[PDB]
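Trainee: Sharing a structure, written as structure tokens. Questions coming.
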Amino acid sequence: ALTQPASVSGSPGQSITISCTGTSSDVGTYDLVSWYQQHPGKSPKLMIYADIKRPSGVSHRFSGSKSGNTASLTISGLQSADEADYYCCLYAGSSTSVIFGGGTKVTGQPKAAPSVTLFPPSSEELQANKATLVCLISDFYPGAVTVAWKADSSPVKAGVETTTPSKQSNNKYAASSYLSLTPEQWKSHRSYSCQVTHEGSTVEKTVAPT
Amino acid sequence: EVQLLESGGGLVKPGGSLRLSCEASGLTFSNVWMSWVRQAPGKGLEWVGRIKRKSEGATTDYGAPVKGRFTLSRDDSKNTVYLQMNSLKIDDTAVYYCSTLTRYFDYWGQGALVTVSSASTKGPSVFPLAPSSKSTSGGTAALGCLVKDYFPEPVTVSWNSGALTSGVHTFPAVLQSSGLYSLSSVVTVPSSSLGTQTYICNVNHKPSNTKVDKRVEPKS
């Protein structure tokens with residue numbers, strides 16, 4: 001068992017510490033550990049190993065220290081690109097097993113309003129007797145939106161599928177929402193709206209039968 | 001460089017079997033230990049197992065939740081490592097990362113997704129999202145294609161067989177109440193009319209051995 005803090009906030013330019021906490025009969029007695037970086041939807045990467053060392057293909061701002069029970073990772077000069085999940089692990093000799101930490105997150109402090117893209121149902125999908133409205137939210141911060149659908153002026157809860165916000169490669173966030181209708185409902189109403197609320201303001205897109 | 005690529009991922013029914021394979025390159029297989037680490041969906045890294053080199057007797061060790069149900073195998077003559085999974089359960093659904101072990105984990109593979117589930121495999125329905133100036137909140141027009149009603153993850157998307165990358169924004173999938181996934185890839189573009197420019201999205205749903213190349217045309 002290895003324990004580490006769920007969340008560790010920090011401002012740009014400064015130095016921050018993550019702790020990997022073990023037990024005396026493991027980390028205390030025999031002091032070795034390795035640390036990993038995992039950006040969203042991507043392979044983990046070896047940052048530091050054997051507590052101290054670091055490959056020449058790694059950024060120098062990552063360093064490892066330790067006490068008896070607990071080894072800790074410190075990051076100096078924080079930037080946007082440091083925003084990832086961070087893990088610690090340990091392996092003993094032969095006839096044993098690797099122990100992994102829980103995984104911790106780091107953070108930044110900008111702000112941005114979403115871009116919203118909205119398409120009606122394709123000609124092909126209508127011909128197939130289905131209809132889907134596609135609503136795509138991108139480049140927003142913080143990673144938190146509300147998506148609401150309106151059929152003309154009337155709210156629609158039914159047939160709505162909305163993703164959770166997800167960290168985008170440019171450090172901002174992205175999300176998507178789909179409204180599923182019957183062709184008869186789609187051509188029934190004068191217009192449909194995808195309404196996205198972020199930090200109190202709303203960006204709204206509209207489509208209509210054409 | 002060094003490259004590690006996995007394969008054989010996709011869907012398997014609980015109690016069924018699914019073998020993963022992982023090919024090495026830019027590294028001498030013979031002398032390097034191979035390992036698997038598992039990223040359960042929305043959860044942390046859990047170690048699956050390690051397999052020692054031929055010269056040490058090709059010994060193997062596994063994580064407790066795995067031991068007795070998975071068997072880790074090797075083949076240097078074919079330059080690959082095999083992960084065999086016998087007794088499978090919904091708790092095993094995960095991304096499986098092929099990795100090297102050295103005296104920590106130096107090199108990592110792209111990761112294969114195993115979705116243990118009683119649900120059936122379903123290839124996607126793919127529709128073009130017609131180019132429109134009025135589709136975006138922002139200034140420019142956009143077009144894309146809709147990857148609808150597939151199972152399980154993942155699907156990958158290219159445009160013009162990888163030739164088109166700049167305007168391209170592929171979104172994460174939604175899991176629908178229907179138990180099926182839907183995905184969208186949008187491309188930013190100059191105007192609602194696009195004569196002479198070709199826009200074909202390449203949908204690759206490896207889990208269902210399905211691939212769809214959909215061209216997006218102006219709406220009438």
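In the structure tokens, the first chain shown is A, the next is B, and so on; residue numbers restart at 1 for each chain, and ligands run from 1 in the order shown.
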Can you list, as a PyMOL selection string, every residue of segment 74-217 of chain B that DSSP puts in strand (DSSP E)?
Mentor: chain B and resi 74-75+80-85+94-101+112-116+125-132+141-150+156-159+168-170+174-175+181-189+200-205+210-215
Trainee: May I have a table of the residues of segment 56-118 of chain A lying at most 6 Å from segment 32-39 of chain A, giving each one's closest pair of atoms and their distance in Å to one decimal, counting only C-alpha atoms, ordered by chain and ascending residue number, as CSV?
Mentor:
residue,atom,partner,partner_atom,distance
A:84,CA,A:39,CA,4.5
A:85,CA,A:38,CA,5.1
A:86,CA,A:37,CA,4.9
A:87,CA,A:36,CA,5.1
A:88,CA,A:35,CA,4.6
A:89,CA,A:34,CA,5.6
A:90,CA,A:33,CA,5.1
Trainee: For the residues in that selection, give me N, CA, C and O atoms as an mmCIF file, in the first residue's frame.
Mentor:
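Now in result_7.cif:
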data_model
loop_
_atom_site.group_PDB
_atom_site.id
_atom_site.type_symbol
_atom_site.label_atom_id
_atom_site.label_comp_id
_atom_site.auth_asym_id
_atom_site.auth_seq_id
_atom_site.Cartn_x
_atom_site.Cartn_y
_atom_site.Cartn_z
ATOM 1 N N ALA A 84 -0.988 17.238 -15.019
ATOM 2 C CA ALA A 84 -1.060 15.783 -15.277
ATOM 3 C C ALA A 84 -1.358 15.046 -13.970
ATOM 4 O O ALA A 84 -1.354 15.681 -12.900
ATOM 5 N N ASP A 85 -1.628 13.748 -14.079
ATOM 6 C CA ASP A 85 -1.701 12.819 -12.925
ATOM 7 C C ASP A 85 -0.274 12.381 -12.593
ATOM 8 O O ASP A 85 0.544 12.203 -13.530
ATOM 9 N N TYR A 86 0.035 12.229 -11.308
ATOM 10 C CA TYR A 86 1.387 11.811 -10.859
ATOM 11 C C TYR A 86 1.289 10.598 -9.933
ATOM 12 O O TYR A 86 0.510 10.617 -8.947
ATOM 13 N N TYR A 87 2.100 9.581 -10.233
ATOM 14 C CA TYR A 87 2.089 8.276 -9.535
ATOM 15 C C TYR A 87 3.476 7.984 -8.977
ATOM 16 O O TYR A 87 4.471 8.419 -9.568
ATOM 17 N N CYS A 88 3.508 7.222 -7.883
ATOM 18 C CA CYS A 88 4.730 6.622 -7.291
ATOM 19 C C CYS A 88 4.554 5.105 -7.167
ATOM 20 O O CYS A 88 3.420 4.653 -6.851
ATOM 21 N N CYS A 89 5.628 4.338 -7.372
ATOM 22 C CA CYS A 89 5.580 2.861 -7.218
ATOM 23 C C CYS A 89 6.882 2.305 -6.637
ATOM 24 O O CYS A 89 7.910 3.024 -6.612
ATOM 25 N N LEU A 90 6.813 1.047 -6.200
ATOM 26 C CA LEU A 90 7.926 0.338 -5.524
ATOM 27 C C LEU A 90 7.876 -1.148 -5.892
ATOM 28 O O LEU A 90 6.755 -1.716 -5.917
#
Trainee: Kindly determine which residues of chain B lie within 9 Å of chain A, considering only C-alpha atoms, and give the answer as a VMD selection string.
Mentor: chain B and resid 43 to 49 60 to 64 97 104 to 111 126 to 132 134 to 138 142 to 143 146 171 to 177 182 to 184 186 219 to 220
Trainee: Near residue 190 of chain A, counting only C-alpha atoms, which residues have an atom at most 12 Å away, once you skip same-chain residues fewer than 4 positions from it, shown as a list in words?
Mentor: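 In the requested form, the answer reads residues 150, 151, 152, 153, 154, 185, 186, 206, 207, 208, 209 and 210 of chain A.
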Trainee: For the atom pair atom CA of residue 54 of chain B and atom CA of residue 37 of chain B, what is the interatomic distance in Å to one decimal place?
Mentor: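 Computing it gives 21.1 Å between the two atoms.
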Trainee: Neighbouring residues of residue 198 of chain B were defined as those with any atom within 8 Å, considering only C-alpha atoms; residues of the same chain fewer than 3 positions away were excluded. Please report them as a ChimeraX atom specification.
Mentor: /B:160,215-216
Trainee: Once you have the residues from the selection above, write them out as a compact mmCIF listing (two decimals), in the first residue's frame, restricted to N, CA and C atoms.
Mentor:
# COMPACT_ATOMS: atom_id res chain seq x y z
N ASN B 160 -8.61 12.65 -44.60
CA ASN B 160 -7.87 12.47 -45.87
C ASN B 160 -6.69 11.53 -45.63
N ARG B 215 -16.92 10.84 -46.83
CA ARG B 215 -16.63 12.16 -47.45
C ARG B 215 -17.77 13.09 -47.07
N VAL B 216 -17.42 14.32 -46.74
CA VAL B 216 -18.41 15.33 -46.30
C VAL B 216 -18.65 16.29 -47.45
Trainee: Just list the residues in segment 85-210 of chain A DSSP gives helix (DSSP H, G or I) on the backbone, as a PDB file with N, CA and C atoms, in the first residue's frame.
Mentor:
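Writing done, so here's result.pdb:
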ATOM      1  N   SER A 123     -28.355  14.728 -43.793  1.00  0.00           N
ATOM      2  CA  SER A 123     -29.337  14.269 -44.800  1.00  0.00           C
ATOM      3  C   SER A 123     -29.411  12.745 -44.731  1.00  0.00           C
ATOM      4  N   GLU A 124     -28.264  12.085 -44.636  1.00  0.00           N
ATOM      5  CA  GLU A 124     -28.195  10.611 -44.614  1.00  0.00           C
ATOM      6  C   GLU A 124     -28.927  10.051 -43.390  1.00  0.00           C
ATOM      7  N   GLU A 125     -28.701  10.622 -42.203  1.00  0.00           N
ATOM      8  CA  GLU A 125     -29.302  10.138 -40.928  1.00  0.00           C
ATOM      9  C   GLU A 125     -30.831  10.255 -40.965  1.00  0.00           C
ATOM     10  N   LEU A 126     -31.360  11.353 -41.493  1.00  0.00           N
ATOM     11  CA  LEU A 126     -32.825  11.563 -41.630  1.00  0.00           C
ATOM     12  C   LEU A 126     -33.403  10.474 -42.541  1.00  0.00           C
ATOM     13  N   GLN A 127     -32.731  10.173 -43.662  1.00  0.00           N
ATOM     14  CA  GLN A 127     -33.147   9.139 -44.647  1.00  0.00           C
ATOM     15  C   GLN A 127     -33.179   7.768 -43.965  1.00  0.00           C
ATOM     16  N   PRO A 183     -37.263  11.909 -36.613  1.00  0.00           N
ATOM     17  CA  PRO A 183     -37.380  12.862 -37.713  1.00  0.00           C
ATOM     18  C   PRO A 183     -38.647  13.728 -37.607  1.00  0.00           C
ATOM     19  N   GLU A 184     -39.732  13.139 -37.094  1.00  0.00           N
ATOM     20  CA  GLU A 184     -41.055  13.805 -36.971  1.00  0.00           C
ATOM     21  C   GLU A 184     -40.961  14.906 -35.912  1.00  0.00           C
ATOM     22  N   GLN A 185     -40.251  14.671 -34.809  1.00  0.00           N
ATOM     23  CA  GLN A 185     -40.011  15.705 -33.767  1.00  0.00           C
ATOM     24  C   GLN A 185     -39.120  16.806 -34.343  1.00  0.00           C
ATOM     25  N   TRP A 186     -38.053  16.441 -35.069  1.00  0.00           N
ATOM     26  CA  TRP A 186     -37.051  17.393 -35.627  1.00  0.00           C
ATOM     27  C   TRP A 186     -37.730  18.404 -36.553  1.00  0.00           C
TER      28      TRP A 186
END
Trainee: Have a look at atom CA of residue 14 of chain A and atom CA of residue 79 of chain A and let me know their distance in Å, one decimal.
Mentor: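 Between atom CA of residue 14 of chain A and atom CA of residue 79 of chain A the gap works out to 8.9 Å.
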Trainee: Got a sec: who's within 9 Å of residue 200 of chain B, counting only C-alpha atoms, leaving out chain neighbours fewer than 6 positions off, as a PyMOL selection string?
Mentor: chain B and resi 144-145+158-161+213-216
Trainee: Between A:13, A:200, A:155, A:57, which is the closest to residue 75 of chain A once you count only C-alpha atoms?
Mentor: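 Smallest distance to residue 75 of chain A is found for A:13.
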Trainee: Please provide as a tab-separated table (two decimals) with C-alpha atoms, in the first residue's frame all residues within 7 Å of residue 69 of chain B, with the sequence filter that same-chain residues fewer than 2 positions apart are discarded (counting only C-alpha atoms).
Mentor:
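Okay, this is what ended up in selection-v4.tsv:
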chain	number	residue	atom	x	y	z
B	66	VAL	CA	-4.41	-10.99	-11.37
B	67	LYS	CA	-2.34	-14.02	-10.16
B	71	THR	CA	-0.29	-16.01	-17.63
B	85	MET	CA	-5.97	-13.45	-19.68
B	86	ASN	CA	-8.04	-16.56	-18.80
B	87	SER	CA	-10.69	-15.84	-16.12
Trainee: To one decimal place, how far is atom CA of residue 55 of chain B from atom CA of residue 38 of chain B in Å?
Mentor: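 Here the two named atoms are 26.7 Å from each other.
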Trainee: Applying 8 Å and only C-alpha atoms, which residues near residue 13 of chain B remain after dropping the ones on its own chain fewer than 6 positions away? List them as a ChimeraX atom specification.
Mentor: /B:88-89,116-119
Trainee: Choose the residue, out of A:29, A:171, A:74, A:23, that has the smallest atom-to-atom separation from residue 107 of chain A; count only C-alpha atoms.
Mentor: A:171
